[PDB]
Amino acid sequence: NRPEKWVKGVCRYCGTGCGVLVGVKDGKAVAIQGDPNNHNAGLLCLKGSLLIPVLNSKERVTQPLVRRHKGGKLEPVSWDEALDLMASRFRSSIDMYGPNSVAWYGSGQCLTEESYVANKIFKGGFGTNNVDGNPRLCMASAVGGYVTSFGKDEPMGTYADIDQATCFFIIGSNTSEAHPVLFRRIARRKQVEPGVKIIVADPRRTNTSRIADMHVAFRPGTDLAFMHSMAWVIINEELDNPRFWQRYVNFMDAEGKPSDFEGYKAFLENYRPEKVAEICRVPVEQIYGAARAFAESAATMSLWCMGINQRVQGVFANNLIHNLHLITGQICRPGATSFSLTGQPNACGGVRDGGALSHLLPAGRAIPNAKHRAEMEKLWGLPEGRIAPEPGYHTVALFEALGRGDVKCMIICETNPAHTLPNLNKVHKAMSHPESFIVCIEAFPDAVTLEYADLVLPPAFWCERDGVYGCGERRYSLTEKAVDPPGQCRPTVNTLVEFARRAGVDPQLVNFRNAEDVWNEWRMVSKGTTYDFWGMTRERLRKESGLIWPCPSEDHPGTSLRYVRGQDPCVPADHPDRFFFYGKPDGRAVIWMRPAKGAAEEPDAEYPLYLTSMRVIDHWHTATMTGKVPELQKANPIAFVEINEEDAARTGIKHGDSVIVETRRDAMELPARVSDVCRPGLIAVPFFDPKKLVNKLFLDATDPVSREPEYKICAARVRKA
């Protein structure tokens, strides 16, 4: 027989956050199925379905490892020696150079409880705000977009809204490859109601566009002008919602000064369809088509991901999508919301909501805010002024600090920055600092980052321990422990606590035996904020297949529509208005007149092509997990470059040719896929291959608000090898 027992949890991959049931027999995982009671209704994509061979792989880091000297070989070392080595290095670096010589670099793949303990050890124990992580590379622009538009982070609706939307505006998102089960939910909606309209707006033509009524293949960087132009049509054709925006919206001009509807109208005159069509290189009727579909529809939902966020104008691009919903009032109703898609399984729970970035504090609190710091000192039992008043290093700046010698010790946890940070040649130099001490908490020995690690700790993987993942729709879901960790792997929650203790942190600060203990403190910390998930006890999370916050008591079901009287507990029952955007001081959301520009590095005579980077369905990021699954690995073993049919014809490049892709930063030989996927003037590479580190090619320029890099656009040339 196979499973004697089924253990409820969450898929280890995308922010769709599909609940899973792991079948165990004699301490070994033998089978997996979808949780029928979670939002995905028992459905998983092929990656999720093929998760047992990852969990059962023997190619794991199972003992502590030390590199005695730079450029030496990693060798085994005891857990006890590892931990003293780690704690004395961190302590004595603080002793010599102060708390800003140390840093935590974590991820949205860490359990909420791991990120919570790490964040706290550093900000409250060591007294440094050098806590960042990979969502900086991903969701930072959507956080900035939501906060500036609404005053609070995170979507105001849920995946349920897909079932009620009458129009989908899907932009900078290959939902088909990146959120498979979610894309199926959208396709399903369109099959139930064939009247549903879908606009997919992406310079590349992906499987996602194959269900669309319109595919807007705009020139990279010009979507902001595109979205201002849709607002132009909406207002020009009297398709806007004055009863909504007059009560619920404020306007901010190109300089961020208060304005009004007439000012908005005058600003949009800069973005007439005929002019914007030449800018974007699209038929003008696509502008009218998208705008009309969006505005005339009974309920419109937008969904976007990295095409929008991985941009120096990422925060501005987010605001422009919100503007559409605010001018039309396509918001705060079933099927009508502005829904950022999150990539990682726990960027939301672990890092965003938990405030595990350099400028943040848990549950919507901010570092520069005195009252907020005092709130946290009280909650964490800290003395007054213990939390530093200035932000630590954001991610790009962090590895710059490491390069200069400013940050001397670093913990890297559940991420592979030597593979995934932009401008890798600069980064690899930084990570080679001969006086740096780099500790890696990493499960798989083939992670390229380990070539820089001085110390490696073996962690419990996925459902080898328990913990909470917060997915893209504000759903917090428990994974219970299903199997024992192998070898000497330990849960990182416990690892972190033992390091803190040995490193001289006050024992009261890390008073946790397990993830259940830290969950209960984190609940307290959230209580009374607009994230309040006090109602999400361990027992409820054990019984339920996820709960959506706000969820302030044990008898509260959670919240689907934020900002709605009678739906959201943060809205007083006697609020005079049906909606309340309580993140802003007057209760009104904000339309932002953001000037449309381009990429930090635009094409020119010398480097005439846009170069982008993208997801492939068969591989998760650096493929240290998906690369262990033969059927996944065989489907896409190596990197390639997508080239437009018509650019290749004019240039003498045939499908299958080896070509050199060259930017200002590096050059790389790759096999060409010549098709109509990439619009003319655009090329595209995936980034899963460790033998073809494409981030060597990309520039490191960052959105000046969110500090998210522009992985999505740089300037390239191509020649035949």
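In this text, residue numbers run from 1 along the sequence as written.
In this entry, 533 to 541 shows the higher mean Cα temperature factor of the pair 533 to 541 and 583 to 591. Per-stretch averaging of Cα B factors for 471 to 479 and 321 to 329 places 471 to 479 on top. Each of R501, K197, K265, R272 has a CA temperature factor in the record; the biggest one is found at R501.
You'll see in the entry that, of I186, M86, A178, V143, the Cα B factor peaks at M86. Sort the chain's modelled residues by C-alpha temperature factor and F437 lands in the lowest third, per the entry. Among all modelled residues in its chain, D260 ranks in the middle third by Cα B-factor. Ranked within its chain, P671 lands in the middle third, by CA B factor from the PDB record. Compared with the other modelled residues of the chain, the Cα B-factor recorded for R679 ranks in the lowest third. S560 sits in the highest third of its chain by CA B factor, as recorded in the PDB entry.
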